[PDB]
Amino acid sequence: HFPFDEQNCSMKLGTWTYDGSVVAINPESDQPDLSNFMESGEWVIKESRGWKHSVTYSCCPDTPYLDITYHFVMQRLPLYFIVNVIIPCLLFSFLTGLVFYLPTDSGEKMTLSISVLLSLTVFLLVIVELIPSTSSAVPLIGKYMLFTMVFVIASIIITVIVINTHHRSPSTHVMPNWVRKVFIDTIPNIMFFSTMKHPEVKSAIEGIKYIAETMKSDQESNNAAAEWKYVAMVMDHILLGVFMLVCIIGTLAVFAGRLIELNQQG
Amino acid sequence: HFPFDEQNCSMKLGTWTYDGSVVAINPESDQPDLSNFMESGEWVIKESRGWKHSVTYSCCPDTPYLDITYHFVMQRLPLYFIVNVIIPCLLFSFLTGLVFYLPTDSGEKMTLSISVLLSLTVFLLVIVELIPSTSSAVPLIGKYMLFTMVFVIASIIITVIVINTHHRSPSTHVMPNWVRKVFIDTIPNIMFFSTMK
Amino acid sequence: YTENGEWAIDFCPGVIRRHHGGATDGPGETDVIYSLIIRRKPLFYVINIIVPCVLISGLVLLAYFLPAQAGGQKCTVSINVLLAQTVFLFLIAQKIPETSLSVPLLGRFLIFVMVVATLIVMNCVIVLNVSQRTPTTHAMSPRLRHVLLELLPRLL
Amino acid sequence: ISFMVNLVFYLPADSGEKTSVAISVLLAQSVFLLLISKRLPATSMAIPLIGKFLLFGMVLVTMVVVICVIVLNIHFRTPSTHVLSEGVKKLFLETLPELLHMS
Amino acid sequence: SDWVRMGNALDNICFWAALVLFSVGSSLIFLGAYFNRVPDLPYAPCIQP
Amino acid sequence: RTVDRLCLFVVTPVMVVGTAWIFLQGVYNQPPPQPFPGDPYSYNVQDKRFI
Amino acid sequence: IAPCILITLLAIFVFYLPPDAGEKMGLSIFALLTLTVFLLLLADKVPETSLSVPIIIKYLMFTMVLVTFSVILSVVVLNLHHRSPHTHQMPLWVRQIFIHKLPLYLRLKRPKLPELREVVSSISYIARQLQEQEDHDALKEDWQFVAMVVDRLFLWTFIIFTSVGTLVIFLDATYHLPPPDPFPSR
Ligand SMILES: *[C@@H]1O[C@H](CO)[C@@H](O[C@@H]2O[C@H](CO)[C@@H](O[C@@H]3O[C@H](CO[C@H]4O[C@H](CO)[C@@H](O)[C@H](O)[C@@H]4O)[C@@H](O)[C@H](O[C@H]4O[C@H](CO)[C@@H](O)[C@H](O)[C@@H]4O)[C@@H]3O)[C@H](O)[C@H]2NC(C)=O)[C@H](O)[C@H]1NC(C)=O
Ligand SMILES: *[C@@H]1O[C@H](CO)[C@@H](O[C@@H]2O[C@H](CO)[C@@H](O[C@@H]3O[C@H](CO[C@H]4O[C@H](CO)[C@@H](O)[C@H](O)[C@@H]4O)[C@@H](O)[C@H](O[C@H]4O[C@H](CO)[C@@H](O)[C@H](O)[C@@H]4O)[C@@H]3O)[C@H](O)[C@H]2NC(C)=O)[C@H](O)[C@H]1NC(C)=O
Ligand SMILES: *[C@@H]1O[C@H](CO)[C@@H](O[C@@H]2O[C@H](CO)[C@@H](O[C@@H]3O[C@H](CO[C@H]4O[C@H](CO)[C@@H](O)[C@H](O)[C@@H]4O)[C@@H](O)[C@H](O[C@H]4O[C@H](CO)[C@@H](O)[C@H](O)[C@@H]4O)[C@@H]3O)[C@H](O)[C@H]2NC(C)=O)[C@H](O)[C@H]1NC(C)=O
Ligand SMILES: *[C@@H]1O[C@H](CO)[C@@H](O[C@@H]2O[C@H](CO)[C@@H](O[C@@H]3O[C@H](CO[C@H]4O[C@H](CO)[C@@H](O)[C@H](O)[C@@H]4O)[C@@H](O)[C@H](O[C@H]4O[C@H](CO)[C@@H](O)[C@H](O)[C@@H]4O)[C@@H]3O)[C@H](O)[C@H]2NC(C)=O)[C@H](O)[C@H]1NC(C)=O
Ligand SMILES: CCCCCCCC/C=C/CCCCCCCC(=O)O[C@@H](COC(=O)CCCCCCCCCCCCCCC)COP(=O)([O-])OCC[N+](C)(C)C
Ligand SMILES: CC(C)CCC[C@@H](C)[C@H]1CC[C@H]2[C@@H]3CC=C4C[C@@H](O)CC[C@]4(C)[C@H]3CC[C@]12C
Ligand SMILES: CC(C)CCC[C@@H](C)[C@H]1CC[C@H]2[C@@H]3CC=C4C[C@@H](O)CC[C@]4(C)[C@H]3CC[C@]12C
Ligand SMILES: CC(C)CCC[C@@H](C)[C@H]1CC[C@H]2[C@@H]3CC=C4C[C@@H](O)CC[C@]4(C)[C@H]3CC[C@]12C
Ligand SMILES: CC(C)CCC[C@@H](C)[C@H]1CC[C@H]2[C@@H]3CC=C4C[C@@H](O)CC[C@]4(C)[C@H]3CC[C@]12C
């Protein structure tokens, strides 16, 4: 649950070379003395208590072995990690979805996406510098950071797909019927946006006719390309919505469980 | 010659307060005892030898000063620095020249060159944390990194000049005769000539 | 016993050794040697370094799908993946051991993906150079045209 | 690397890679500042010479980025968005080019 | 357009070449680790399960 | 283009002169000839001050 | 502090960069990357406690949020600029607010016989195509002017928001003087 983690840490004390039959130990009080305890800027001691334990073995039934274990329940103060780790990750995650609102014709989609990835990679140095590095379990910070990384990678891949769809040449590529039905016909129904008699004389005559046919063919080619551009624009809208939803719900699914648990337990 | 360097360090031993006329020292053996020497993951001991030395000063000719000096010739194992330092520098050096095969109309020449420069700048962190921070001489890795940095910088300068030349138009400039003769006439004759004049 | 956060103790045999008992050796010697066989739990390196590095290094394959035009940003993607790999090199330099008896797997993988990224950068540069040729500067080579456009689809 | 920022003035505005070069030089200077920050104490008696150069270079590179933004803004003007007065044409196409020995 | 088609064909074949290289090399590097388990020694575990 | 050329010829000399001044302050920085200002003695082995 | 100020100035100046240059995103996002480098710089210096946030950390996060908003609103401006005229119909309220009302307040002045039959057909077709091109260009110019007006509005808004936030933080830091008396009365 780091940095919202609670730690139970003990201190077992006993006479190393004397057993309970020659030296008996008893706690002075049921709790440790915290009267002169200096406040900690990183931890809060919720509970503290000292328990006496006696252990006897069948080999030595007349010599019990005594110890006093003091344990402290400590709760981490998470403000430092919230401010220095979580907020930049949230900003990068929010910026991840903005590429789907950035038009392909700007020529800056990969700039934005790859540079967000670069900023996250550079911030990974900060992540390693700040949080501890252990393999006992995946921390909550680690889960959120990995989620953000996968979010950025998926955004980059889907952005490349969208750009490729945008630049589909109408000559080499022909439109599948399923793409037309899904994206031009069905999906826009739920889209509430702004979307949708000398030889020389004869040569001159043929030249004007050829120019007219050239402009006509260019018009058809541009319309066919514009269909692909419209398709990519529909995918971009849906992906913007989906990625903004995934960002919010991923943040909630990561943190809200432990946050609600701590809220309910005071 | 770092990281392919060979180092000769010794250990000078002697009685601090006793001269040779009261306490005499002699080595047990010609060489240090290395029978129980644990393997080193960074150095190989090529040679080892212990030498006795006697120093007499004119002030006190009858009181020699003795010492036994054990020296060790050590060769660095360079695989770590080859893998971590030299190979990335070689990759950046190779990437430096690829900008000159990029078309100017791509609008990616500066992106490539500047990103290579930025990679080298980030790599300077690795090198300065790894390189010895001493001024006795330039380490060989330091020379190679300075080479790569200087020549990616030169590539950036020349790429800017090439882009400027590519974008020229009669509305801003006029082709001089010498440029035309040098670049359009003579050089293509001694080239592959696949590109038409 | 609380297991170490990174290391699991699998085996720990003990042996009593005796040596130097020969006449030339002189008085015999003995010792006790315990061999702690410990296994690393690699979860931290998997989550924090290896998986992000693998994904960022796989991104260069996407450069093959971008258009070979001014707005394609094919070289943008490849060289920035190389830059991110350099950042990961700085990250990994703080963790790996600093011996030279062998190359660690993490370093080997990082250098391999860096070499692959460099080759893909060269490949993208070549593809761009081929794609944006115009008749005002280049003459149409028919050998390459036949090899790529006519022979290849029929061979495929 | 700091002197490399001056090449942006010789880059044409149609290349579309000017502010990228300048801001990348700024990023490299920031990396060098990070490198130097680990090597000296944080005393206030004086600014180090290398620190003085780095601050001066960062300020100059920032000014160069601003200049590049302004130059691109001027370059991409058209009749439908701006009006080109005769005074600007006289100053910037006749007098300054011949003063500066431009082609 | 012929030049663009040639570039597209080169990019298509080179994608598969690069994918095979990346996959095979990464798989070999990590399979080196997958076969690096602790050897089956003739001793009991240090900690009883 | 004219604005760019003017900015080149205005900005590059400023950069060069500022860098040169900043680094020349350090290039010609040496400790004083004597260890103690105001004391002409060099505190060297050659210049022994015999009683 | 000084690099952060310079980065903030560049983030402001993004909004003066024309959309046609195709360079807004690079400048804004590399400013963000430089700020990330400076966050790495501060990680080795700042205290690790959680009772409060250092004011320099507050300034760094404020600058990061400013650059993030500059990125977001540059994306908005580019979306408006590159808007395809035939796929979008400009709403009338957009026309009113962003072409008639706001530009005055932002000081943006917008300036302003088979052969013969086949000849007639071809010429008429070419003229009709060019007229359609002119109409398309007019709608595109309307969208681009809306983008320019929105860009100027965001430029002024960023100047105001940067000035206010920077002044608040800097005055909070400046007027934190040590106590005149070692044992003040509370
Ligand atoms: C963090 O970790 C520490 C351990 O390091 C935990 O400490 C334990 O706390 C519990 C109480 O919550 C202790 O349990 C109590 O122990 C008392 C003493 O037991 C010793 O002495 C008796 C003598 O007869 C022996 O029989 C016994 O074996 C021990 O040697 C008991 O008297 C208590 O009894 C109470 O509870 C039982 C039911 O459990 C009732 O039947 C009784 O009537 C009575 O109400 C109790 O068992 C435990 O011993 C502590 N362990 C140690 C090692 O100190 C912390 O609780 C933990 N913190 C967390 C996770 O919040
Ligand atoms: C790393 O650095 C160390 C220290 O500088 C070097 O050690 C020196 O190694 C050389 C050998 O290459 C040593 O020189 C040898 O010294 C012997 C000393 O003999 C003793 O007896 C004489 C009186 O007879 C005394 O004066 C002396 O102090 C000793 O008590 C000599 O016997 C050797 O003789 C060899 O050279 C002479 C000619 O000079 C020949 O006539 C002989 O046949 C023979 O070949 C020799 O002079 C030197 O003393 C070492 N110095 C120290 C300080 O230990 C390492 O060599 C170096 N490692 C590298 C760079 O590889
Ligand atoms: C490296 O660092 C060391 C210190 O660690 C410097 O040494 C100091 O050098 C200065 C200048 O040489 C010394 O200051 C001088 O002290 C003299 C003696 O003062 C003592 O005696 C008088 C009574 O006779 C007492 O009142 C006084 O408190 C001291 O106990 C003075 O006579 C010198 O006077 C000079 O300065 C005054 C004021 O400007 C003038 O009016 C005089 O004419 C004259 O010029 C002077 O004040 C200082 O004591 C040294 N510190 C030590 C030895 O610890 C090195 O100079 C420095 N090296 C470099 C290269 O920077
Ligand atoms: C740096 O850190 C030190 C230590 O933390 C601070 O020192 C504390 O300063 C405060 C404020 O000056 C002190 O609090 C005051 O103590 C006075 C004396 O209290 C002692 O004596 C009385 C009996 O006469 C005992 O009952 C008491 O326990 C103490 O032994 C009180 O008289 C003061 O009360 C008056 O002022 C307060 C506030 O206005 C009113 O509410 C009261 O009604 C009354 O008028 C007051 O409590 C405190 O004792 C100091 N701690 C020490 C000395 O250890 C420094 O102030 C701090 N420096 C900074 C931040 O600048
Ligand atoms: C070193 C920094 C300064 C470099 C200056 C280089 C100049 C080179 C020479 C430029 C010659 C231009 C000739 C053609 C235009 C003539 C008419 C005219 O002036 O109006 C045009 C502006 O044209 C300008 O260039 C105005 C000056 C720059 C404005 C940017 C902000 C101030 C400078 C940067 C900040 C300095 C402090 C912070 C950084 C240190 C049209 O104006 P507008 O677009 O309709 O309205 C602008 C309104 N706005 C300003 C609110 C957006
Ligand atoms: C602009 C492009 C071509 C790069 C130019 C690099 C030049 C300026 C660099 C590269 C190597 C440098 C030299 C490397 C080492 C030394 C020795 C020492 O006494 C400092 C100066 C001196 C002599 C340097 C002077 C400047 C230098 C020659
Ligand atoms: C450049 C690409 C192809 C490979 C990238 C990985 C590099 C670092 C790998 C490939 C082959 C590897 C070598 C293969 C075998 C040996 C012998 C062994 O006794 C020591 C390590 C050493 C010398 C390896 C060092 C690391 C190495 C050089
Ligand atoms: C990465 C791709 C491209 C190339 C892979 C080549 C393979 C065969 C190389 C890469 C790394 C190499 C290993 C690196 C180091 C060692 C340790 C040494 O004591 C024995 C050989 C051994 C175990 C090598 C065996 C061969 C090896 C596995
Ligand atoms: C600048 C804005 C836009 C973005 C960054 C938000 C920063 C400044 C916020 C996030 C969390 C905040 C802290 C949350 C709680 C506390 C504890 C108490 O002592 C009040 C102030 C203090 C210490 C806040 C100071 C401001 C703070 C650090």
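Would you calculate, for chain G, the mean residue ellipticity at 222 nm contributed by helices, counting each DSSP H stretch of 4 or more residues as -39,500 (n - 2.57) and dividing by all residues, to the nearest 500?
Estimated from H runs of four or more residues: -23500 deg cm²/dmol.
Can you bin every Cα-Cα distance in the stretch G:77-186 into 5 Å intervals starting at zero and give me the percent of pairs per bin, rounded to whole numbers?
Percent of Cα pairs in each bin: 2, 9, 12, 12, 10, 8, 7, 7, 7, 5, 4, 4, 3, 3, 2, 1, 1, 1, 1, 1, 0, 0, 0.
With a point put 7 Å past each Cα toward its Cβ, work out how far B:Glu47 is from B:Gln75 in nm, to one decimal.
If labels sit at B:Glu47 and B:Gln75, their model points lie 1.2 nm apart.
Would you mind estimating how fast chain B diffuses translationally, via Stokes-Einstein at 4 °C and 1.567 mPa s with the Kirkwood radius over Cα pairs, in µm²/s? Don't skip to the answer; put the middle values down first.
Details: Rh = 23.2 Å.
Estimated via Stokes-Einstein, D reaches 56 µm²/s.
Cα centroid distance between the stretch C:86-151 and the stretch A:140-207, in Å?
Centre-to-centre distance over Cα atoms comes out at 28 Å.
Along the Cα-to-C-beta direction of B:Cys60, a point sits 7 Å from the Cα; which residues of the stretch B:16-40 have their amide N less than 12 Å from that point?
B:16-23
Check A:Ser48: other-chain or 5+ apart residues with amide H under 5 Å from its amide H, H built from backbone geometry?
Under 5 Å from the amide H of A:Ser48: A:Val73.
Would you calculate a helix-derived [θ] at 222 nm for chain A, using -39,500 (n - 2.57) for each DSSP H run of n ≥ 4 and dividing by the full residue count, to the nearest 500?
Roughly -17000 deg cm²/dmol at 222 nm, from the helical runs in chain A.
So what is the diffusion coefficient of chain G in µm² per second by Stokes-Einstein at 10 °C and 1.306 mPa s, using a Kirkwood Rh over Cα pairs?
The Stokes-Einstein estimate is 77 µm²/s.
Restricting attention to the stretch C:1-89, which GluC sites (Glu not before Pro) occupy a DSSP loop and are surrounded by at most 12 other Cβ atoms within 10 Å?
Passing both the DSSP loop test and the Cβ count: C:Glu3.
Go through B:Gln7, B:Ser58, A:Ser54 and say which Cα lies farthest out towards the positive end of the charge dipole of the protein assembly as shown; charges sit on Cβ, +1 for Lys and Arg, -1 for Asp and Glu.
B:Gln7
Under 17 Å from the Cα of B:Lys143, which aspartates and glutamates turn up, not counting those fewer than eight places away in the same chain?
Result set, ordered by chain and number: B:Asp5, B:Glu129.
Based on Cα coordinates alone, diagonalise the gyration tensor for the stretch C:61-146, multiply each eigenvalue by 5, take square roots, and list the semi-axes in whole Å, largest first.
After diagonalising the Cα gyration tensor, the semi-axes are 37, 14, 9 Å.
Across the stretch B:51-95, what fraction of all alpha-carbon pairs, as a whole percent, falls in each successive 10 Å bin from zero upward?
20, 21, 14, 12, 14, 14, 5, 0
From the C-alpha coordinates alone, can you work out the Kirkwood hydrodynamic radius of the stretch A:1-132, in Å?
Here the Kirkwood hydrodynamic radius works out to 20.0 Å.
Any idea what the relative contact order of chain B is, in percent, if you count C-alpha pairs under 8 Å spaced at least 6 apart?
21 percent
In terms of modelled amide H atoms, which long-range or inter-chain residues lie less than 5 Å from the amide H of E:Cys46?
Distant-sequence amide H within range of E:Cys46: C:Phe11, C:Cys12.
I'd like the per residue volume of the convex hull spanned by the Cα atoms of the stretch G:18-100, given in cubic angstrom.
147 Å³
Karplus couplings for the stretch A:72-89 from phi (6.51 cos²θ - 1.76 cosθ + 1.60, θ = phi - 60°), rounded to Hz, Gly and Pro as x?
10, 8, 10, 10, 6, 8, x, 5, 4, 6, 4, 6, 8, 10, 6, 5, x, 5
Please report, to two decimal places, log10 I(q)/I(0) for chain C at q = 0.10 Å⁻¹ as given by the Debye formula with identical point scatterers on the Cα atoms and no solvent.
-0.65
With the alpha-carbon atoms as the only input, what is the per residue convex hull volume for chain E in Å³?
So the per-residue Cα hull volume is 79 Å³.
Name the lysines eligible as straight-distance cross-link partners of A:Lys143: C-alpha to C-alpha under 20 Å, and not fewer than 8 places from it in the same chain.
Those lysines meeting the cut-off are C:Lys41.
Near the amide H of B:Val73, under 5 Å away, which other amide H atoms are found, from residues 5 or more places off or on another chain, if H is placed in the peptide plane?
B:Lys46, B:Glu47, B:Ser48
What Kirkwood Rh does chain D have if only Cα atoms enter the pairwise 1/r average? Answer in Å.
Working: mean 1/r = 0.0610 Å⁻¹.
When all Cα pairs of chain D are included, the Kirkwood radius is 16.4 Å.
Would you work out the relative contact order for chain C, in percent, from Cα pairs under 8 angstrom that are 6 or more residues apart?
It comes to 18 percent, rounded to a whole number.
Which three extents, in angstrom, do the Cα atoms of the stretch A:144-228 have along their principal axes, listed largest first?
If we take the Cα atoms of the stretch A:144-228, the spans are 80, 28, 24 Å.
Quick one: angle between helix F:2-27 and the longest Cα principal axis of chain F, in degrees between 0 and 90, rounded to 10, please.
For helix F:2-27, the angle is close to 10 degrees.
Mind checking Rg over Rh on the stretch B:1-111, alpha carbons, Kirkwood formula for Rh?
Dividing the radius of gyration by the Kirkwood radius yields 1.39.
Between exposed chymotrypsin sites (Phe, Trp or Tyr not before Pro) in chain B, where DSSP calls loop and at most 15 other Cβ atoms lie within 10 Å, what's the longest gap?
Between the exposed loop sites, the longest stretch runs B:38-191.
For the stretch A:190-252, what is the Kirkwood estimate of the hydrodynamic radius, computed as the reciprocal of the mean inverse distance between distinct Cα atoms, to one decimal in Å?
15.9 Å
At q = 0.11, 0.13, 0.17 Å⁻¹, what log₁₀ I(q)/I(0) does a Debye calculation on the Cα points of chain A give, no solvent, two decimals?
So the normalised log intensities work out to -0.84, -0.99, -1.25.
Cα-Cα over 25 Å: which of A:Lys216/B:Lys109; G:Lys101/G:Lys140; C:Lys95/D:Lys38; B:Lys12/B:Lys46?
A:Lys216/B:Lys109
For the stretch B:133-197, compute Rg over Rh where Rg is the Cα radius of gyration and Rh is the Kirkwood radius from the inverse mean 1/r over Cα pairs.
1.24
If you bin every alpha carbon distance in the protein assembly as shown into 10 Å steps from zero, what whole percent lands in each bin?
2, 8, 14, 19, 18, 14, 11, 7, 4, 2, 1, 0, 0, 0
With a cut-off of at most 11 other beta carbons within 10 Å, and DSSP calling the residue loop, which chymotrypsin sites (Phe, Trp or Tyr not before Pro) in the stretch C:1-65 qualify? Please list them.
Passing both the DSSP loop test and the Cβ count: C:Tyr1.
Three principal axis extents, largest first, for the C-alpha atoms of chain F, in Å?
78, 18, 7
Checking the cross-link filter: which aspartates and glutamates have an alpha carbon closer than 15 Å to that of A:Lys52, excluding same-chain neighbours under 8 positions apart?
Here the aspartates and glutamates satisfying the reach criterion relative to A:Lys52 are A:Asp19, A:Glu28, A:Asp30, A:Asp67.
Just to confirm a number: summing +1 for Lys and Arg and -1 for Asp and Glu over residues other than B:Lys52 whose beta-carbon lies under 12 angstrom from that of B:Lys52, what do you get?
Neighbourhood net charge equals -1.
With θ taken as phi - 60° and the coefficients 6.51, -1.76 and 1.60, list the Karplus ³J(HN,Hα) couplings across the stretch C:52-65 in order, rounded to whole Hz; mark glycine and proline as x.
With the stated coefficients, the stretch C:52-65 comes to x, 5, 5, 5, 5, 6, x, 4, 4, 5, 5, 5, 5, 9 Hz.
Toward the positive end of the charge dipole of the protein assembly as shown, about the Cα centre and with charges on Cβ (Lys, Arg +1; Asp, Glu -1), which of B:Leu130, C:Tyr1, A:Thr214 goes farthest?
Going by the charge dipole, the pick is A:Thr214.
Run the lone-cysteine check on chain C: no other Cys C-beta under 4.7 Å from the residue's C-beta.
Within chain C, the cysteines lacking a partner Cβ under 4.7 Å are C:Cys53, C:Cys75, C:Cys124.
Stokes-Einstein at 10 °C, 1.306 mPa s, Kirkwood radius from Cα pairs: D for the stretch A:69-199 in µm² s⁻¹?
85 µm²/s
What are the ³J(HN,Hα) couplings of the stretch C:20-37, residue after residue, when phi is run through the Karplus curve with 6.51, -1.76, 1.60 and θ = phi - 60°? Round to Hz, x for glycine and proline.
6, x, x, 5, 5, 5, x, x, x, 10, 8, 7, 10, 10, 10, 10, 6, 8
Positions of Cβ are generated from backbone atoms using ideal geometry, with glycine treated the same way; all protein chains shown enter the neighbour counts. Here, each number is a calculation from the coordinates, and none is a lab measurement.
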